[PDB]
file structure-v7.csv (CSV, C-alpha atoms and all ligand atoms)
chain,number,residue,atom,x,y,z
A,1,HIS,CA,94.7,144.3,284.4
A,2,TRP,CA,94.5,146.5,287.6
A,3,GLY,CA,92.4,145.2,290.4
A,4,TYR,CA,92.4,144.5,294.1
A,5,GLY,CA,94.5,141.2,294.5
A,6,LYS,CA,98.1,140.3,295.6
A,7,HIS,CA,99.3,140.6,292.0
A,8,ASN,CA,97.3,143.6,290.6
A,9,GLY,CA,96.1,145.4,293.8
A,10,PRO,CA,96.8,149.0,294.9
A,11,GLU,CA,100.5,148.4,295.6
A,12,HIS,CA,100.9,147.5,291.9
A,13,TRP,CA,99.0,150.5,290.4
A,14,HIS,CA,102.0,152.8,290.1
A,15,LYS,CA,103.5,150.7,287.3
A,16,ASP,CA,100.6,151.5,284.9
A,17,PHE,CA,99.6,154.8,286.6
A,18,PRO,CA,102.7,156.6,287.9
A,19,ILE,CA,100.5,159.3,289.4
A,20,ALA,CA,99.7,156.7,292.1
A,21,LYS,CA,102.8,158.1,293.9
A,22,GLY,CA,101.8,161.8,293.2
A,23,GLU,CA,101.4,164.8,295.4
A,24,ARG,CA,97.6,164.8,296.0
A,25,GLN,CA,96.5,161.1,296.1
A,26,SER,CA,93.4,159.7,297.8
A,27,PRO,CA,92.2,158.3,300.1
A,28,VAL,CA,93.9,159.6,303.3
A,29,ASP,CA,93.6,159.2,307.0
A,30,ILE,CA,91.6,162.1,308.5
A,31,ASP,CA,93.4,163.1,311.7
A,32,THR,CA,90.4,164.8,313.4
A,33,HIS,CA,92.7,166.7,315.8
A,34,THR,CA,94.9,168.3,313.1
A,35,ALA,CA,92.1,169.1,310.7
A,36,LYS,CA,91.6,172.9,310.8
A,37,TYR,CA,88.1,174.3,311.6
A,38,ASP,CA,87.4,176.8,308.8
A,39,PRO,CA,84.6,179.3,309.6
A,40,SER,CA,84.8,180.5,306.0
A,41,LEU,CA,83.4,177.2,304.7
A,42,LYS,CA,79.8,177.2,303.7
A,43,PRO,CA,77.1,174.7,304.4
A,44,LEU,CA,77.1,172.0,301.7
A,45,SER,CA,74.2,172.2,299.3
A,46,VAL,CA,72.8,168.9,298.1
A,47,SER,CA,70.0,169.3,295.6
A,48,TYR,CA,68.9,165.8,294.7
A,49,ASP,CA,65.1,166.2,294.5
A,50,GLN,CA,65.1,166.0,290.6
A,51,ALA,CA,67.7,163.2,290.4
A,52,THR,CA,67.2,160.7,287.5
A,53,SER,CA,68.8,157.3,288.0
A,54,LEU,CA,69.0,155.2,284.8
A,55,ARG,CA,71.0,152.1,285.4
A,56,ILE,CA,73.1,150.0,287.7
A,57,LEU,CA,76.2,148.4,286.5
A,58,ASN,CA,78.8,145.8,287.7
A,59,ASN,CA,82.0,147.2,286.2
A,60,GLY,CA,84.2,144.4,287.7
A,61,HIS,CA,85.6,146.7,290.5
A,62,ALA,CA,82.3,147.9,292.1
A,63,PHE,CA,78.8,148.6,291.1
A,64,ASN,CA,77.8,152.0,289.8
A,65,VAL,CA,74.3,153.6,290.0
A,66,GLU,CA,74.3,156.0,287.0
A,67,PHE,CA,72.3,159.2,286.7
A,68,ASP,CA,71.2,161.3,283.8
A,69,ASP,CA,73.6,164.2,284.0
A,70,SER,CA,72.5,166.0,280.8
A,71,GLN,CA,70.7,168.7,282.7
A,72,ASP,CA,71.1,170.3,286.1
A,73,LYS,CA,68.9,167.9,288.1
A,74,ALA,CA,71.1,166.5,291.0
A,75,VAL,CA,73.7,169.0,292.0
A,76,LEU,CA,76.3,169.6,294.7
A,77,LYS,CA,77.4,173.2,295.4
A,78,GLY,CA,78.4,175.4,298.3
A,79,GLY,CA,80.6,173.8,301.0
A,80,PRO,CA,84.2,174.3,299.7
A,81,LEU,CA,83.1,174.4,296.1
A,82,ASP,CA,83.0,177.2,293.6
A,83,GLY,CA,80.2,176.7,291.1
A,84,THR,CA,78.0,173.7,290.3
A,85,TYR,CA,78.8,170.0,290.2
A,86,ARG,CA,76.5,167.5,288.6
A,87,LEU,CA,75.8,164.0,289.9
A,88,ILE,CA,77.0,161.3,287.5
A,89,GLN,CA,77.1,158.1,289.5
A,90,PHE,CA,77.5,156.6,292.9
A,91,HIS,CA,79.3,153.4,294.0
A,92,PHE,CA,80.6,151.9,297.2
A,93,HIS,CA,83.9,150.4,298.5
A,94,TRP,CA,83.6,147.6,301.1
A,95,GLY,CA,85.3,144.9,303.0
A,96,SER,CA,85.4,141.1,303.4
A,97,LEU,CA,84.7,141.8,307.1
A,98,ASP,CA,82.8,144.6,308.9
A,99,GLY,CA,86.2,145.8,310.4
A,100,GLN,CA,87.4,147.2,307.0
A,101,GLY,CA,86.1,148.5,303.7
A,102,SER,CA,86.3,152.3,303.8
A,103,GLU,CA,89.0,154.1,301.8
A,104,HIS,CA,89.2,157.2,304.0
A,105,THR,CA,89.9,156.5,307.7
A,106,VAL,CA,89.1,158.7,310.7
A,107,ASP,CA,92.0,158.7,313.3
A,108,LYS,CA,93.0,155.3,311.7
A,109,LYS,CA,89.4,154.0,312.1
A,110,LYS,CA,88.2,151.9,309.1
A,111,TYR,CA,84.5,151.7,308.5
A,112,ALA,CA,82.7,148.7,306.9
A,113,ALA,CA,82.2,150.6,303.7
A,114,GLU,CA,82.3,153.9,302.0
A,115,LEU,CA,79.8,155.5,299.6
A,116,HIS,CA,81.1,157.9,296.9
A,117,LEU,CA,78.6,160.2,295.1
A,118,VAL,CA,80.6,161.4,292.1
A,119,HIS,CA,79.9,164.9,290.7
A,120,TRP,CA,81.5,166.9,287.8
A,121,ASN,CA,82.1,170.6,287.5
A,122,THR,CA,79.5,172.0,285.0
A,123,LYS,CA,82.1,174.5,283.7
A,124,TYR,CA,83.9,171.7,282.0
A,125,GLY,CA,80.9,170.5,280.0
A,126,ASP,CA,81.2,166.8,280.8
A,127,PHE,CA,82.8,164.2,282.9
A,128,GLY,CA,85.7,163.2,280.6
A,129,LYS,CA,86.9,166.9,280.3
A,130,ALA,CA,86.3,167.5,284.0
A,131,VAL,CA,88.7,164.7,285.1
A,132,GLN,CA,91.6,166.5,283.3
A,133,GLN,CA,91.1,169.5,285.6
A,134,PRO,CA,92.3,170.0,289.2
A,135,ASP,CA,88.9,171.2,290.2
A,136,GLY,CA,86.9,168.9,287.8
A,137,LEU,CA,85.2,166.6,290.3
A,138,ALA,CA,83.6,166.8,293.7
A,139,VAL,CA,83.1,163.4,295.4
A,140,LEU,CA,80.9,163.3,298.5
A,141,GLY,CA,82.1,160.4,300.7
A,142,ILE,CA,79.8,158.9,303.3
A,143,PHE,CA,80.9,156.2,305.8
A,144,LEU,CA,78.9,153.1,306.4
A,145,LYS,CA,78.8,151.2,309.8
A,146,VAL,CA,77.0,148.0,310.4
A,147,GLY,CA,73.9,148.2,312.7
A,148,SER,CA,70.3,149.1,311.9
A,149,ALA,CA,69.3,148.8,308.2
A,150,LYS,CA,69.2,151.8,305.9
A,151,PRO,CA,65.7,151.6,304.3
A,152,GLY,CA,66.7,153.8,301.4
A,153,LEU,CA,69.5,151.4,300.5
A,154,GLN,CA,67.3,148.4,300.1
A,155,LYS,CA,66.3,149.0,296.5
A,156,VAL,CA,70.0,148.9,295.6
A,157,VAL,CA,70.6,145.7,297.6
A,158,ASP,CA,67.6,144.0,296.0
A,159,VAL,CA,68.9,144.4,292.4
A,160,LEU,CA,72.4,143.1,293.0
A,161,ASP,CA,71.6,139.4,292.3
A,162,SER,CA,70.7,140.6,288.7
A,163,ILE,CA,74.2,142.2,288.2
A,164,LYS,CA,76.3,139.5,289.9
A,165,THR,CA,79.2,139.4,287.5
A,166,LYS,CA,81.5,141.9,285.6
A,167,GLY,CA,79.7,143.6,282.7
A,168,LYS,CA,76.2,143.0,283.8
A,169,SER,CA,73.8,146.0,283.9
A,170,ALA,CA,70.1,146.6,284.8
A,171,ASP,CA,67.6,149.4,284.5
A,172,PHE,CA,67.5,151.3,287.7
A,173,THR,CA,65.1,154.2,287.5
A,174,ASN,CA,63.5,156.3,290.2
A,175,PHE,CA,66.1,155.7,292.8
A,176,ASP,CA,66.4,158.6,295.2
A,177,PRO,CA,69.9,159.1,296.5
A,178,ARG,CA,68.6,161.3,299.4
A,179,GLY,CA,67.8,158.0,301.1
A,180,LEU,CA,71.5,157.4,301.5
A,181,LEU,CA,72.4,160.6,303.4
A,182,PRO,CA,72.9,160.9,307.1
A,183,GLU,CA,71.2,163.6,309.1
A,184,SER,CA,74.2,166.0,309.5
A,185,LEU,CA,76.1,167.5,306.5
A,186,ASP,CA,79.2,168.4,308.7
A,187,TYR,CA,82.2,167.5,306.6
A,188,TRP,CA,86.0,167.4,306.2
A,189,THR,CA,87.5,168.6,302.8
A,190,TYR,CA,90.8,168.3,301.1
A,191,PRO,CA,92.2,168.2,297.5
A,192,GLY,CA,92.8,164.7,296.2
A,193,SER,CA,92.3,162.2,293.4
A,194,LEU,CA,90.2,159.4,292.0
A,195,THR,CA,90.9,156.4,294.2
A,196,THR,CA,90.9,153.9,291.3
A,197,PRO,CA,93.0,154.1,288.1
A,198,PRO,CA,93.5,156.5,286.3
A,199,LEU,CA,94.0,158.0,289.8
A,200,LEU,CA,93.7,161.5,288.3
A,201,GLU,CA,94.3,164.4,290.7
A,202,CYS,CA,91.0,166.2,289.9
A,203,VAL,CA,88.9,165.7,293.1
A,204,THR,CA,87.7,168.0,295.8
A,205,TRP,CA,86.9,165.5,298.5
A,206,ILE,CA,84.0,166.2,300.8
A,207,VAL,CA,83.8,163.5,303.5
A,208,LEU,CA,80.8,163.6,305.9
A,209,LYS,CA,81.6,163.2,309.6
A,210,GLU,CA,78.3,161.3,310.3
A,211,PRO,CA,78.3,157.7,309.1
A,212,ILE,CA,75.1,156.0,307.9
A,213,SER,CA,74.1,152.6,309.4
A,214,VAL,CA,73.4,149.6,307.2
A,215,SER,CA,72.4,146.2,308.4
A,216,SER,CA,74.7,143.1,308.4
A,217,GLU,CA,72.3,141.6,305.8
A,218,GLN,CA,72.6,144.6,303.5
A,219,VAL,CA,76.4,144.5,303.5
A,220,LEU,CA,76.4,140.7,303.2
A,221,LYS,CA,74.6,141.2,299.8
A,222,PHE,CA,77.4,143.5,298.6
A,223,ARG,CA,79.8,140.7,299.4
A,224,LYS,CA,77.9,138.2,297.1
A,225,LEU,CA,78.9,140.2,294.0
A,226,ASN,CA,81.7,139.0,291.7
A,227,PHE,CA,84.8,140.7,290.3
A,228,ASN,CA,84.8,138.0,287.5
A,229,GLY,CA,82.6,137.9,284.5
A,230,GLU,CA,79.8,135.3,284.0
A,231,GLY,CA,81.1,131.8,283.3
A,232,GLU,CA,84.4,132.5,285.1
A,233,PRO,CA,85.8,131.2,288.4
A,234,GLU,CA,84.1,133.0,291.3
A,235,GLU,CA,86.1,135.7,293.0
A,236,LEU,CA,83.9,137.5,295.5
A,237,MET,CA,83.8,141.3,295.1
A,238,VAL,CA,85.2,142.2,298.6
A,239,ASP,CA,88.0,144.5,299.7
A,240,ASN,CA,87.7,146.8,296.7
A,241,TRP,CA,89.2,149.7,298.6
A,242,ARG,CA,92.5,151.6,298.3
A,243,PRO,CA,94.4,152.1,301.6
A,244,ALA,CA,95.3,155.5,303.0
A,245,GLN,CA,97.9,157.5,301.0
A,246,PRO,CA,100.5,160.0,302.1
A,247,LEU,CA,99.0,163.4,303.0
A,248,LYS,CA,102.2,165.2,301.9
A,249,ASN,CA,101.7,168.9,301.4
A,250,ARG,CA,98.0,169.1,302.2
A,251,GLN,CA,95.6,170.5,304.9
A,252,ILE,CA,92.3,168.8,305.7
A,253,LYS,CA,89.7,171.5,306.7
A,254,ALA,CA,86.6,170.9,308.8
A,255,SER,CA,83.3,172.6,308.4
A,256,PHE,CA,82.5,172.2,312.1
A,257,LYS,CA,83.6,172.7,315.7
B,1,LIG,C1,93.7,159.2,281.8
B,1,LIG,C2,92.8,159.5,280.6
B,1,LIG,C3,91.3,159.0,280.7
B,1,LIG,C4,90.3,160.1,281.1
B,1,LIG,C5,89.2,159.4,281.8
B,1,LIG,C6,89.6,159.1,283.1
B,1,LIG,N1,88.9,158.4,284.0
B,1,LIG,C7,87.7,158.1,283.6
B,1,LIG,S1,86.8,157.2,284.8
B,1,LIG,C8,87.2,156.7,286.5
B,1,LIG,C9,85.9,157.0,287.3
B,1,LIG,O1,84.8,157.1,286.8
B,1,LIG,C10,86.0,157.1,288.8
B,1,LIG,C11,85.0,157.9,289.4
B,1,LIG,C12,85.1,158.0,290.8
B,1,LIG,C13,86.2,157.4,291.6
B,1,LIG,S2,86.3,157.6,293.3
B,1,LIG,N2,86.5,156.0,293.8
B,1,LIG,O2,87.5,158.4,293.6
B,1,LIG,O3,85.0,158.2,293.8
B,1,LIG,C14,87.1,156.7,290.9
B,1,LIG,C15,87.0,156.5,289.5
B,1,LIG,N3,87.2,158.3,282.3
B,1,LIG,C16,88.0,159.0,281.4
B,2,ZN,ZN,85.0,155.4,295.0

call {"tool": "encode", "arguments": {"input": "structure-v7.csv", "output": "structure tokens"}}
result
Amino acid sequence: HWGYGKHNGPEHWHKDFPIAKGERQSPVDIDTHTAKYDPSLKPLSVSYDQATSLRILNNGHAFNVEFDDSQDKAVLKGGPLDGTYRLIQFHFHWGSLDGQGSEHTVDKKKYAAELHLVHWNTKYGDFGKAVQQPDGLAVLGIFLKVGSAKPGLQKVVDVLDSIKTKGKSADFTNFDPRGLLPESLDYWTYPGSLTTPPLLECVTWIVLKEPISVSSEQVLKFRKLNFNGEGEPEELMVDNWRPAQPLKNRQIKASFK
């Protein structure tokens, strides 16, 4: 039932998921001037050399590129994190127009899209248990702006016609998520939530300061996807982003400057 329209979009979510109005909801606007530089924050450690992608899926809200998370192969640690977080999937949120799409904003600036690399804390044994813990997930957020193509994204873009509609999946092996990372790992971090239902407050957010560039043609392809299932009226998969939520009693920390 929940989705991104007038009648079931983010403003409606609290009815099914009352935690929508909770104390640590995501996304948020990152006020770069009031973010506190924290010299005790470590460099982020991204170990994706052994990543094993398996499949890409249109789940009717976005597309997920899923990884084999049954061994320590693609892991996030360091930064603000204690312990080891395993990559389970990535997906994006994007706009109907280049002027919007991102979930987090930076001094109210919206980017064309936002990539979420979703990782779960190995101490909880799996994803479903981890989401029920306040430190269960680490999501690495990366902004996309429109300009030069991102070569490492093209394999993703090229398979989308094969998963046009809700419920479609395709084999997606040997995809290397290192090709989606900007040069710098400078980041902001704060305690938040999943940005889609069930909106669980289980996320340490790590948002990179440096956006990646993707071409207009790459993002256009994202916009050809469908929210609907095959043999239904076409609703383009666009504007699948939740707007900024109240910061409330939280401090955003910066790894830099
Ligand atoms: C309430 C009891 C149900 C426990 C349970 C909750 N959510 C999920 S899945 C939602 C999900 O996979 C996900 C991952 C990342 C993000 S985001 N957009 O914050 O990166 C949003 C949703 N699976 C099991
Ligand atoms: Zn997301």

call {"tool": "atom_distance", "arguments": {"input": "structure-v7.csv", "atom1": "atom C9 of ligand LIG 1 (chain B)", "atom2": "atom CA of residue 118 of chain A"}}
result
8.4 Å

call {"tool": "closest_residue", "arguments": {"input": "structure-v7.csv", "among": "A:8, A:32, A:52, A:100", "to": "residue 74 of chain A", "atoms": "only C-alpha atoms"}}
result
A:52

call {"tool": "residues_around", "arguments": {"input": "structure-v7.csv", "residues": "residue 161 of chain A", "least_positions_apart": "2", "cutoff": "10 Å", "atoms": "only C-alpha atoms", "output": "ChimeraX atom specification"}}
result
/A:157-159,163-165,221-222,224-225

call {"tool": "closest_residue", "arguments": {"input": "structure-v7.csv", "among": "A:140, A:208, A:153, A:76", "to": "ligand LIG 1 (chain B)", "atoms": "only C-alpha atoms and all ligand atoms"}}
result
A:140

call {"tool": "residues_around", "arguments": {"input": "structure-v7.csv", "residues": "segment 188-197 of chain A", "least_positions_apart": "3", "cutoff": "8 Å", "atoms": "all atoms listed in the file", "output": "ChimeraX atom specification"}}
result
/A:2,13,17,24-27,35,80,200-209,242,250-255

call {"tool": "residues_near_ligand", "arguments": {"input": "structure-v7.csv", "ligand": "ligand ZN 2 (chain B)", "cutoff": "9 Å", "atoms": "only C-alpha atoms and all ligand atoms", "output": "PyMOL selection string"}}
result
chain A and resi 62+90-93+103+114-118+139+141+194-196+241

call {"tool": "write_last_selection", "arguments": {"input": "structure-v7.csv", "atoms": "C-alpha atoms", "output": "short mmCIF file (atom, residue, chain, number, x, y, z; two decimals), keeping the file's coordinate frame"}}
result
data_model
loop_
_atom_site.label_atom_id
_atom_site.label_comp_id
_atom_site.auth_asym_id
_atom_site.auth_seq_id
_atom_site.Cartn_x
_atom_site.Cartn_y
_atom_site.Cartn_z
CA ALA A 62 82.30 147.90 292.10
CA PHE A 90 77.50 156.60 292.90
CA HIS A 91 79.30 153.40 294.00
CA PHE A 92 80.60 151.90 297.20
CA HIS A 93 83.90 150.40 298.50
CA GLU A 103 89.00 154.10 301.80
CA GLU A 114 82.30 153.90 302.00
CA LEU A 115 79.80 155.50 299.60
CA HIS A 116 81.10 157.90 296.90
CA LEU A 117 78.60 160.20 295.10
CA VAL A 118 80.60 161.40 292.10
CA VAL A 139 83.10 163.40 295.40
CA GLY A 141 82.10 160.40 300.70
CA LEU A 194 90.20 159.40 292.00
CA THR A 195 90.90 156.40 294.20
CA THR A 196 90.90 153.90 291.30
CA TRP A 241 89.20 149.70 298.60
#

call {"tool": "residues_around", "arguments": {"input": "structure-v7.csv", "residues": "residue 148 of chain A", "least_positions_apart": "5", "cutoff": "6 Å", "atoms": "only C-alpha atoms", "output": "PyMOL selection string"}}
result
chain A and resi 213-215

call {"tool": "closest_residue", "arguments": {"input": "structure-v7.csv", "among": "A:42, A:65, A:9, A:127", "to": "residue 174 of chain A", "atoms": "all atoms listed in the file"}}
result
A:65

call {"tool": "closest_residue", "arguments": {"input": "structure-v7.csv", "among": "A:144, A:236, A:131, A:149", "to": "ligand LIG 1 (chain B)", "atoms": "only C-alpha atoms and all ligand atoms"}}
result
A:131

call {"tool": "atom_distance", "arguments": {"input": "structure-v7.csv", "atom1": "atom CA of residue 31 of chain A", "atom2": "atom CA of residue 240 of chain A"}}
result
22.9 Å

call {"tool": "closest_residue", "arguments": {"input": "structure-v7.csv", "among": "A:120, A:67, A:187, A:4", "to": "residue 173 of chain A", "atoms": "only C-alpha atoms"}}
result
A:67

call {"tool": "closest_residue", "arguments": {"input": "structure-v7.csv", "among": "A:217, A:234, A:23, A:126", "to": "ligand LIG 1 (chain B)", "atoms": "only C-alpha atoms and all ligand atoms"}}
result
A:126

call {"tool": "residues_around", "arguments": {"input": "structure-v7.csv", "residues": "residue 210 of chain A", "least_positions_apart": "4", "cutoff": "10 Å", "atoms": "all atoms listed in the file", "output": "JSON, numbers by chain"}}
result
{"A": [142, 143, 144, 181, 182, 183, 184, 185, 186, 187]}

call {"tool": "atom_distance", "arguments": {"input": "structure-v7.csv", "atom1": "atom CA of residue 211 of chain A", "atom2": "atom CA of residue 145 of chain A"}}
result
6.6 Å

call {"tool": "residues_around", "arguments": {"input": "structure-v7.csv", "residues": "residue 57 of chain A", "least_positions_apart": "3", "cutoff": "8 Å", "atoms": "all atoms listed in the file", "output": "PyMOL selection string"}}
result
chain A and resi 63-66+163+167-170

call {"tool": "decode", "arguments": {"input": "structure-v7.csv", "residues": "segment 71-145 of chain A", "atoms": "C-alpha atoms", "output": "CSV table (one decimal), in the first residue's frame"}}
result
chain,number,residue,atom,x,y,z
A,71,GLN,CA,30.7,-14.5,4.4
A,72,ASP,CA,32.8,-11.4,5.2
A,73,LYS,CA,33.5,-10.3,1.6
A,74,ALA,CA,32.3,-6.7,1.2
A,75,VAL,CA,32.5,-4.9,4.5
A,76,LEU,CA,32.3,-1.4,6.0
A,77,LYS,CA,34.1,-0.6,9.3
A,78,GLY,CA,36.0,2.2,10.9
A,79,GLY,CA,34.6,5.7,10.4
A,80,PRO,CA,32.1,6.1,13.3
A,81,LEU,CA,31.4,2.4,13.5
A,82,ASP,CA,32.3,-0.2,16.1
A,83,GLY,CA,32.8,-3.6,14.6
A,84,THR,CA,32.1,-4.9,11.1
A,85,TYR,CA,29.1,-4.3,8.8
A,86,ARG,CA,28.4,-6.6,5.8
A,87,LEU,CA,27.1,-5.3,2.4
A,88,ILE,CA,23.7,-6.8,1.6
A,89,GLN,CA,22.4,-4.5,-1.2
A,90,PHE,CA,22.5,-1.2,-2.9
A,91,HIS,CA,19.8,0.9,-4.5
A,92,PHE,CA,19.2,4.5,-5.5
A,93,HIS,CA,16.5,7.2,-4.9
A,94,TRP,CA,16.0,9.7,-7.8
A,95,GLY,CA,13.9,12.5,-9.2
A,96,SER,CA,11.6,13.2,-12.2
A,97,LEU,CA,14.0,16.1,-12.9
A,98,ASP,CA,17.7,16.7,-12.3
A,99,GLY,CA,16.8,19.3,-9.6
A,100,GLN,CA,15.5,16.7,-7.1
A,101,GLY,CA,16.0,13.1,-6.2
A,102,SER,CA,18.3,12.9,-3.2
A,103,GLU,CA,16.9,12.1,0.3
A,104,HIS,CA,19.6,13.8,2.3
A,105,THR,CA,20.1,17.5,1.4
A,106,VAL,CA,23.2,19.6,2.0
A,107,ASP,CA,22.4,23.2,3.1
A,108,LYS,CA,18.9,22.5,1.5
A,109,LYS,CA,20.6,21.5,-1.8
A,110,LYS,CA,18.9,18.4,-3.5
A,111,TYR,CA,21.0,16.3,-5.7
A,112,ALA,CA,19.7,14.4,-8.8
A,113,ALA,CA,19.9,11.1,-7.0
A,114,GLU,CA,21.3,9.3,-4.0
A,115,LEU,CA,23.0,5.9,-3.7
A,116,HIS,CA,22.5,3.8,-0.6
A,117,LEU,CA,25.0,1.0,0.1
A,118,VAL,CA,23.2,-1.0,2.9
A,119,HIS,CA,25.3,-2.9,5.4
A,120,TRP,CA,24.4,-4.9,8.6
A,121,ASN,CA,26.3,-5.4,11.8
A,122,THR,CA,27.9,-8.9,11.9
A,123,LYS,CA,27.3,-9.1,15.6
A,124,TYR,CA,23.6,-9.6,15.0
A,125,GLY,CA,24.1,-12.5,12.6
A,126,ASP,CA,21.8,-11.4,9.8
A,127,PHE,CA,19.9,-8.5,8.3
A,128,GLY,CA,16.5,-9.2,9.9
A,129,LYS,CA,17.9,-9.3,13.4
A,130,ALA,CA,20.1,-6.3,12.8
A,131,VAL,CA,17.2,-4.0,11.8
A,132,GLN,CA,15.7,-4.5,15.3
A,133,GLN,CA,18.8,-3.0,16.9
A,134,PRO,CA,19.8,0.7,17.2
A,135,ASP,CA,23.2,-0.1,15.8
A,136,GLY,CA,22.1,-2.8,13.4
A,137,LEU,CA,22.8,-1.1,10.1
A,138,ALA,CA,25.4,1.2,8.5
A,139,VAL,CA,24.2,2.9,5.3
A,140,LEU,CA,26.7,4.6,3.1
A,141,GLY,CA,25.0,7.5,1.2
A,142,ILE,CA,26.6,8.9,-1.9
A,143,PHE,CA,25.1,11.9,-3.9
A,144,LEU,CA,24.7,11.8,-7.7
A,145,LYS,CA,24.9,15.0,-9.8
